[PDB]
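For reference, the chain that follows is the form solved without this ligand, supplied as structure tokens.
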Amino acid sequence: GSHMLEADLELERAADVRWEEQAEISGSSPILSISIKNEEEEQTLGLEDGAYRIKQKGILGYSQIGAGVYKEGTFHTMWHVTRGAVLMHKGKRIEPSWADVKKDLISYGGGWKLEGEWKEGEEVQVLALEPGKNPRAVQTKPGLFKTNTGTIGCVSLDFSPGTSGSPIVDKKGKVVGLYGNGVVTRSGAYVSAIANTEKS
């Protein structure tokens, strides 16, 4: 075969993972992105902790295919986003360490480090990194759903699909889960399943 990677997948730091008090008061609020970034330009590109965009290079420039969370040396994202492909961050290569297809989850440089928690009734913030947009924190109340084998919490699919991988956070600032894990419900709707929220 070839010794070059099939695709140029670059990470781009976008925001601190933390609970945003302004979004708790207003329902939503922008987050600072650094010099202050007034606008996000998807097509240009621009590891320690935070929320990252995942951008694929093509002839027309970069496309945001997803997002993810770096924590304690491990990058966390959605399986469907990278399909296990090797990632780059500023010339440093990151390799897949672990994956669960049914959860639509994958991590790079270690196992799952996400420790956010959620119990029915509590509110979370999606720290949305959408294609073309500065980071925005949006308060939401997850609903509880039955599996199949137990329970999961879920949020509504209210962001661009390229937002997949974006951290959803609790009041402690810990990541309960990632946006974009589309599952089908009993009554015909699709929602975003959180996990860590999973019990069985």
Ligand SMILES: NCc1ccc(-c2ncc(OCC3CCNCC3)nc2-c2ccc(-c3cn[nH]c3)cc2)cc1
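Don't overthink the numbering: it's just position in the shown sequence, from 1.
If you look for the form deposited with this ligand bound, you will not find it shown, but the lines that follow are about it.
Transferring this ligand from its position in the bound PDB entry by superimposing the surrounding C-alpha atoms places at least three ligand atoms within 2.4 angstroms of backbone or C-beta atoms of the displayed chain; the site is blocked.
Contact with this ligand in the bound PDB entry, judged by any heavy atom within 4.5 Å, is made by just one of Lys103, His89, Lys113, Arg83: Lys103.
You can rule out all but one of 125 to 133, 105 to 113, 89 to 97, 67 to 75: in the bound PDB entry, only 105 to 113 has residues with a heavy atom within 4.5 Å of this ligand.
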